[PDB]
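If you want the building blocks of each chain, they are given just below.
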Amino acid sequence: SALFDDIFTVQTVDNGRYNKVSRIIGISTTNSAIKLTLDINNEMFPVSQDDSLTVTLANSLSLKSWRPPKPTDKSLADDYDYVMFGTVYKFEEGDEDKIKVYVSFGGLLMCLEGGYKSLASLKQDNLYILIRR
Amino acid sequence: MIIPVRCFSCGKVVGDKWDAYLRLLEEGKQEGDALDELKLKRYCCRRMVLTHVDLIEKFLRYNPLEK
Amino acid sequence: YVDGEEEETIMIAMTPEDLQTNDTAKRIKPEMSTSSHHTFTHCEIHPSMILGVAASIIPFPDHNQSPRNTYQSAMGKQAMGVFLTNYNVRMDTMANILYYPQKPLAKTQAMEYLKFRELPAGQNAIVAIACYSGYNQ
Amino acid sequence: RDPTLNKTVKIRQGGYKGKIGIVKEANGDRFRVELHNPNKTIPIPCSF
Amino acid sequence: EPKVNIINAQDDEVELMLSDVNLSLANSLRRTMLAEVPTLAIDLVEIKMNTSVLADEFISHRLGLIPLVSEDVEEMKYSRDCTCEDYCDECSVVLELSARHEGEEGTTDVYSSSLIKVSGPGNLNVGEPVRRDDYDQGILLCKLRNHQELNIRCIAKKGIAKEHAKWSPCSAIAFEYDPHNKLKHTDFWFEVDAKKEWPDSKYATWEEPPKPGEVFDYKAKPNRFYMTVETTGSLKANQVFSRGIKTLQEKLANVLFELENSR
Amino acid sequence: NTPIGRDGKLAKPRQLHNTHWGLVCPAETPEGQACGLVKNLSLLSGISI
Amino acid sequence: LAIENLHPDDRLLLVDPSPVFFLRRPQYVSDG
Amino acid sequence: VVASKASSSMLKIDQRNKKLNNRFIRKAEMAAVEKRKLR
Amino acid sequence: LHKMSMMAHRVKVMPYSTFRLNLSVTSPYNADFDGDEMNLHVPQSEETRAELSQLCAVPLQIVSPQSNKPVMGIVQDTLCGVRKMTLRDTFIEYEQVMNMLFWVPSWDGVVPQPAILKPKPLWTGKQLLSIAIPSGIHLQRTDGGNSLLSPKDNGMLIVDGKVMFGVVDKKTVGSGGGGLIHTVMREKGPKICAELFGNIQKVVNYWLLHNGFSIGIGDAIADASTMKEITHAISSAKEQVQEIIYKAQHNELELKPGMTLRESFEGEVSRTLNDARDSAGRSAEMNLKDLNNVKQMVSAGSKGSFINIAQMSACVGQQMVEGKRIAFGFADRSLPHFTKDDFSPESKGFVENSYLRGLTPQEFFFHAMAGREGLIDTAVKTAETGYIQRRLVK
Amino acid sequence: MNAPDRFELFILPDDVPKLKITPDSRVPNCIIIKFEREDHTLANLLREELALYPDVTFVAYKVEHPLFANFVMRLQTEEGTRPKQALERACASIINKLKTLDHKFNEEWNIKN
Amino acid sequence: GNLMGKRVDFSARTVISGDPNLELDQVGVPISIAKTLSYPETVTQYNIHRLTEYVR
Amino acid sequence: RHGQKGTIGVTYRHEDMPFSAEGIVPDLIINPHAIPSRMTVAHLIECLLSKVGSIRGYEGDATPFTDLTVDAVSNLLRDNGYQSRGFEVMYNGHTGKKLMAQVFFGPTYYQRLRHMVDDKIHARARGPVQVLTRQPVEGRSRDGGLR
RNA sequence: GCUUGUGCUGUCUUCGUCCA
Ligand SMILES: [Mg+2]
Ligand SMILES: [Zn+2]
Ligand SMILES: [Zn+2]
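In what follows, the accompanying structure is described.

Tallying secondary structure elements over chain F gives one helix and zero strands in all. Structurally, chain F occupies a C-alpha span of about 35 × 25 × 20 Å along its principal axes. Taking all 49 residues of chain F together, the buried fraction comes to 33%. If you take every contact in chain F between residues at least 6 apart in sequence, the share linking residues at least 24 apart comes to 24%.

Around RNA strand M sit 15 residues in total, of which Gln78 of chain C, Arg1 of chain D, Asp36 of chain I together with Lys5 and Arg142 of chain L are the nearest. Each atom of RNA strand M within 4 Å of the protein belongs either to a base or to sugar and phosphate, the latter forming 77%. Here a sugar or linking oxygen of RNA strand M sits 3.2 Å away from a polar atom, N or O, in the side chain of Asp36 of chain I. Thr382 of chain I is positioned with one of its side-chain polar atoms (N or O) 3.4 Å from a base nitrogen of RNA strand M.

All names here are of chain B. The protein atoms that coordinate the zinc ion (ligand 2) are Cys7 (SG), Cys10 (SG), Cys44 (SG) and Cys45 (SG), at distances spanning 2.3 Å. One can describe the site at the zinc ion (ligand 2) as tetrahedral: its four donor atoms subtend angles covering 101 to 113° at the metal. Every donor residue of the zinc ion (ligand 2) comes from the same chain, spaced as C-x2-C-x33-C-C. On the criterion of sequence distance, the pair formed by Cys10 in the segment before α1 (18-27) and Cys45 in helix α3 (residues 43-50) is long-range, its members being 35 residues apart. The exposure class of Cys45 is buried, given its relative accessible area of 1%.

All names here are of chain E. Between helix α1 (residues 23-35) and helix α4 (residues 237-262), the shortest axis-to-axis distance is 9 Å and the interhelical angle comes to 110°. Comparing the axis directions of α1 and α4 gives the class roughly perpendicular. Residue-level contacts link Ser28, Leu29, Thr32 and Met33 of α1 to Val240, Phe241, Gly244, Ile245, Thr247 and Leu248 of α4. When its residues are assigned to classes, the contact of α1 with α4 shows six nonpolar, four polar and no charged.

Together, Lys26 and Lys29 of chain C together with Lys35, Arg36 and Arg39 of chain H make up a positively charged patch on the protein surface. Relative to the elements of secondary structure, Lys29 of chain C occurs in the loop between β1 (12-13) and β2 (42-43).

What follows is about unusual backbone geometry. Residues and elements named next belong to chain I. The omega angle of the peptide bond from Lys118 to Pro119 is 0°, so this bond is cis rather than trans. Topologically, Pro119 is positioned in the loop between β7 (116-118) and β8 (123-124). The phi torsion at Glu322 lies on the positive side, around 60°, for a residue other than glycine. With respect to the element layout, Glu322 can be found in the loop between β12 (317-318) and β13 (350-351). Residue classification places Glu322 among the partly exposed residues on the basis of a relative accessible area of 45%.

Residues and elements named next belong to chain E. The strand order across the open sheet built from four strands is β3-β10-β5-β7, with neighbouring strands paired in antiparallel fashion. The sheet is open, and its two edges are formed by β3 (39-50) and β7 (116-119), each paired on a single side. Across this sheet, the average inter-strand angle for adjacent strands is 30°, counted without regard to direction. Taken together, the eight bridges between strand β5 (residues 93-100) and strand β10 (residues 149-159) define a ladder with antiparallel strand orientation. Bridged to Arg100 within β10 is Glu149. The sheet strands contacting helix α2 (residues 56-64) are β3 and β10, and the helix crosses β3 at an angle near 155°.

The next subject is the sheet that holds strand β4 (residues 87-88) of chain L. Strand pairing in a sheet relies on backbone hydrogen bonds, with the paired strands running either antiparallel or parallel. Across the sheet, which stays open at both edges, the four strands sit in the order β2(L)-β4(C)-β6(L)-β4(L) with mixed pairing between neighbours. Since the sheet does not close on itself, it has two edges, and those belong to β2 (28-30) and β4 of chain L, each with one partner. Alignment of strand β4 (residues 123-129) of chain C against strand β6 (residues 103-110) of chain L, held across seven bridges, turns out to be antiparallel. Looking across to β6 of chain L, one finds that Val127 of chain C is bridged to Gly106 of chain L. The sheet contacts of helix α2 (residues 41-56) of chain L involve β4 of chain C together with β2, β4 and β6 of chain L, and relative to β6 of chain L the element is tilted by about 90°.

This part is about the interface of chain C and chain L. Residue-level contacts link 52 residues of chain C with 62 residues of chain L. Here chain C and chain L share an interface that buries about 5,300 Å² over both sides, 61% of which is from carbon and sulfur atoms. Per-residue buried area on chain C facing chain L is highest for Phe60, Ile129 and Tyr132 of chain C; these three make up 16% of the total on that side. Summed over the shared surface of chain C and chain L, the number is two salt bridges. Close ionic contact of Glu59 of chain L with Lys103 of chain C constitutes a salt bridge, the shortest N to O distance being 4.0 Å. Where the side of chain C that touches chain L is concerned, the elements lending two or more residues are α1 (66-75), β3 (106-107) and β4 of chain C.

Moving on: the packing of aromatic side chains. One pass over the structure, following the stated rule, counts 39 aromatic pairs over all chains. An angle of 35° between the planes, with centres 6.2 Å apart, marks the rings of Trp103 of chain I and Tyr206 of chain I as tilted. Of the two residues, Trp103 of chain I sits in helix α4 (residues 94-103) while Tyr206 of chain I sits in helix α8 (residues 190-211), which places them 103 residues apart along the sequence. Exposure remark for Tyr206 of chain I: the relative accessible area of 11% places this residue in the buried category. Counting every residue linked through ring pairs, the aromatic cluster contains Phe175, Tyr177 and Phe225 of chain E together with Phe19 and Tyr91 of chain L. Here the basic side chain of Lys348 of chain I rests over the ring of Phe328 of chain I, its NZ or CZ set 4.3 Å away from the ring centre. The cationic tip of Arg89 of chain J hangs over the ring face of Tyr53 of chain J; the distance from NZ or CZ to the ring centre is 4.7 Å.

The next thing to look at is the coordination of the zinc ion (ligand 3). Residues and elements named next belong to chain E. Within the protein, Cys82 (SG), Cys84 (SG), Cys88 (SG) and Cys91 (SG) serve as the donor atoms for the zinc ion (ligand 3), at 2.3 Å. Relative to the metal, the four donor atoms surrounding the zinc ion (ligand 3) lie at angles of 106 to 113°, and the coordination shape comes out tetrahedral. We note that the donor set of the zinc ion (ligand 3) lies within a single chain, spaced as C-x1-C-x3-C-x2-C. Look at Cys82 and you get buried, because its relative accessible area is 8%. A residue is classified by how much of its surface remains accessible, and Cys91, at 1% relative accessible area, is buried.

The rules we used
- Residues numbered from 1 in each chain as written, not as in the entry; some residues may be left out.
- Chains lettered and ligands numbered in written order.
- Part of a larger assembly, values for the part shown.
- Heavy atoms only, no water.
- Helix = DSSP H or I, 4+ residues; strand = E, 2+ residues; numbered from the N terminus.
- Buried < 20%, exposed > 50% of the residue type's maximum accessible area, 1.4 Å probe, protein only.
- Contact = heavy atoms within 4.5 Å.
- Near = heavy atom within 4 Å.
- Polar contact = N/O pair within 3.5 Å; in protein donor to acceptor, adjacent residues only side chain to side chain.
- Donors = N, O, S within 2.8 Å, 3.2 Å for Na, K, Ca; no water.
- Tetrahedral: all angles 85-135°; square planar, octahedral: opposite > 155°, others 65-115°.
- Axes fitted to C-alpha atoms, helices over the stretch in contact; angles between N-to-C directions.
- Parallel < 35°, antiparallel > 145°, perpendicular 65-115°, else oblique.
- Nonpolar A, V, L, I, M, F, W, Y, C, P; charged D, E, K, R; others polar.
- Patch = residues over 30% accessible without salt bridge, like charges linked within 9 Å, V, L, I, M, F, W, Y side chains within 5 Å.
- Areas by Shrake-Rupley, 256 points an atom, 1.4 Å probe, with all protein chains shown as cover.
- Salt bridge = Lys/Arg side-chain N within 4 Å of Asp/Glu carboxyl O.
- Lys, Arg positive; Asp, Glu negative; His and termini not counted.
- Charge placed at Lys NZ, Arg CZ, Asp CG, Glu CD.
- Pairing = 2+ DSSP bridges.
- Buried area = accessible area lost by both parts, 1.4 Å probe.
- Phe/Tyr/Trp six-rings, centres within 6.5 Å; stacked < 30°, edge-to-face > 60°.
- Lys NZ or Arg CZ within 6 Å of the ring centre and 35° of its normal.

Keep in mind that these numbers describe shape and distance, not what the molecule does.
This is the structure:
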């Protein structure tokens, strides 16, 4: 079902030029050297410095034309506060245990740096990012 | 030439207020105060009466061509 | 009166305020510090009198690029207004008359002597500056 | 030759009812009538 | 579910508040009142003599723009839908103006009160030019000096502002919602501070300003709409509002009839 | 009007000169071939008799 | 009498709940 | 001439406006030049 | 002037008395809608119709042989709107998304998944633009050595016809070589390229119609701190020019080789004044916010440049006649309002005010002299250029 | 000279139907409706009424050219419901809303007069 | 003036306007210009009905 | 009056034009792209001063080389209850929703020029020819052809 | 018994329009 789970602490929140988009940098509590850079929508999911986020990555939401979800049906997204859908445009096989995954959620960019052991399963075309706080 | 019947922008009838405007200006009221008295609030309507030039008074000074 | 040849021997103040010795919106005047003192012989009556008939119609010409002033001086002679008040008794080859001439809301002092308020050649339109539907590109 | 050429006519039906005109061309039933105020000429059947 | 609240009421203007309606419904009502409510206006002018200093089409255009009483115009028929020959009493109103200057000095003004109704529908309140009072002279039409006369015969027909703006019952419809910009439908241009560089709306006191610690509500929609309807005198404001609603209902019913007949 | 013609045209007669100040309009001039050759009198200008 | 003839302290009591040189009052005959 | 009533009224308005302009514009210009001088 | 001034179009019969053009073909014709007129020629034979439709048709003329780059691009408010709509913080709701998707003629009927699914479904402008891009298109550009995370949203990356990052602007949908139009023309052919023009124009025009864009007097007004900085820069430059004048008047000036003392002095003063105008303009342009409308138009590449902002907001600068400062047309002075032998910047044609601030009469006259120079130069060189072109063709 | 008659904006020709419905076979249960002699006033009303229905999955409209008085609507519904029935329900619902709005306005006007 | 370039028939001229709702290779033509200009089409069995409708 | 010439591209009716909160619709919509390259700041200053004059009932003095500044006009406009820089909140005519951007809005003096499209439109299929060359004649009045 | 008619100057000059 899911491909990756972890808990991060936000080191920095960079608003920059934009009013609705912020770039956050986080590091996994359990396993260091696993970094996360992510663009999020401030209005619908505001985050502050030193917050704790539960980030989950999945290739599907189950338990081609989009339609508004019926209230009756249920999906993985019901457990989280913020869900995005993107495409992986670069899977970098770099150093011995340095793997970078670049995802683009409609122009909102994410880079997940980590080891091959954790990120081996992230070699997909599309990914969902589910965030809980 | 002669005061337009309607305001160009919104179409309020301004063609019945020319003589009252001249009367108010005769009494000594300022142009803005006179326009306020005639209930012309939007500046589109105020432009119609404030910038009108009455050319028909010059055209009427020529003798009639048919009698 | 002075002609162009006699102008080479006189010293002219631009304004009567120039005869006696930090705002971001007001224009800045020359210092003229090269001379310790100045003995003016003449003074301009008003600097806006250097313009002709067609350029006296432009509002705020000192805030425009000069080719646009030239273009307006050309185009203002092709505007439709009321050329004479006796157009009904005249038999001209062509003649255009505007239904409802209006005097401008922004005017210059030179327009008083050009009779522009009595025989105007335009109308005050309410204008928005906007990309509405792509039909004004 | 029709007896209705260059004669003042009035329109009684359609979208131009009650407008005065002059017949300019008349070949087969589709009389061409110029309108006095709109500077235009319009086709119209003879019935109207 | 929809609610109406009236703030100010007059013969020629009403200021109301619409709530629990969609934005599209309010905008369609505004558009219908502006362009689709039928009135009565002069459409044909027969000029028997005109020796004034004004051109014939000039005077005809001025006559077209005079507002006439259109209270019973719903019972009248459209000229193209009337089977009659030429113009009859069921699809037109005939007015006549005859003016002249007597004397060899001075100038005579021709007002819209000089228009006299000669024929029209029986017992219907349509045709007379609108007048604010009994002593009001109306709209200035022309000016005459000695030996100048104007003699015309006008025909008033029913129509809508889509064909020509002379048939519009309204002048301007103010329209506004969300004075405090809680929905963030506009992004305010500023130099230093947007709050103090923009004037407050006239309905800003009708809604509670947002709290400083409040967060953006993404589930909200526009709910309350403020609008003022100003009329030219051809119809009263309540009449314009009711007939706009009726016109929208008739358009929807025509769509429904076409759908059911399509089978 | 300055009768210099079209043949042998040069920029120098068409130029706006320093001595034109207050005597001819710096703005009003035709576009094209007569640019700078046709001039218009300033508002307070006069001609000696 | 006018606003000028009013006492300065009473003029101070007239508070809106100065003319500028570039707002002229309109004319119809002009001059020249 | 036998001038019209509207034209005579406009002439009176023009005279009053000319006098008022000649007073107010000159006073405002004097206030502006003295303020620019004292700076 | 070139073979793209005559192209074959398809007729659509329409009311009113004007000819109607798509706005992307106004560049090869060098036409605008302020009074221009154009001619139309009707073929009278089957062979001639085939020649027009197979050789001279507009889609076949997109890429020109003169510079092996396109001559038609996205222009004017479509360019401004495509820059505004593809910003990172542009989000669109479901109803407007449905309207924009239905506006695309080549849309296949499948609505894409939103970028954000929870709490509220939101699409971005990049997705809606990618809908108008045909599949199988790959494009990659690097701006300022940006990385693959693109912190400033510059550069460009398109994968299978989908925009991954980068603001779409003149560098992507303009007429330059290596852009989206050139790639689509090479990969899919002229027909798909013309449909790409139509799709992009329709989507961006709808979004801009429902968003809005304006410009006002406040967009040329810089705050007080920047105006203080600009005034300080101009005053320091004038003091530098005064020092140069004193050095030249005391024989302490270095002579540029191959030039006289007067020529070197004039060149050095002109260089100082040009640097002053550039510095003041750079300060003014750095001051501007992102919401500034002039900045938005300049950044889209649709109209205006840096010099326009500099002259409108900070300083018009030095007026040049025949490549030199204003000459001494009177006896040793430029105007009778100066004294003799005056070499200060204001005496010889330096305009220190902006267009917003207003020019003084001396600056007005000098600026008019420079504009007259421009008009004469154009209206004189046109005939020589035409004669050279005719001889080359023959 | 080339200006069309102003009554052509709202008068329906004899040979031109008010309403033409064709299916859109690309996706299931979708129809394309062409409205003649109508504009944004009816289009926006119908679209934003239909967009709130749970069984309507897609609704949009476009006016192709402002010089022609027509618009085209695309409507897609769930498997159980047919798009024409949804359109009829939307028309009836807006009619009912306008009816109660008129009633309440008349009541309030009578109260305040 | 008469051999390398000349005046020709079947041509039109008028002012140009912009249209965001036209295709790249399309041109909008006034109805009067379309009535004035003509194309001679050969009558075949593929188009005789349409051509006689045009003639009517 | 600032060298900004143009032709009508389309006409819209009252209910289709954008409107302000008080119901005012423009008589004219011009593109923002005409302003920055031609640098006609006097157009915007004239529009602001005309808005102030029409609100207060005065005629604005636009004589060159005076002491007028944009900030004085802005202060006067602000005191009247409008945004000091001439911007207004506008609504879309088609939908009734607010526009995200605010629109510079005010009265400007325009003039109608002598060049009209119905005096220039001209088509020729066949017609009169010259006697000497048997080529089409010159001129729209003579039913001539194009060269 | 009564029937619908079938075309256009030349040569200069000036002022303009859109590019350049
Ligand atoms: Mg042009
Ligand atoms: Zn108005
Ligand atoms: Zn009848």
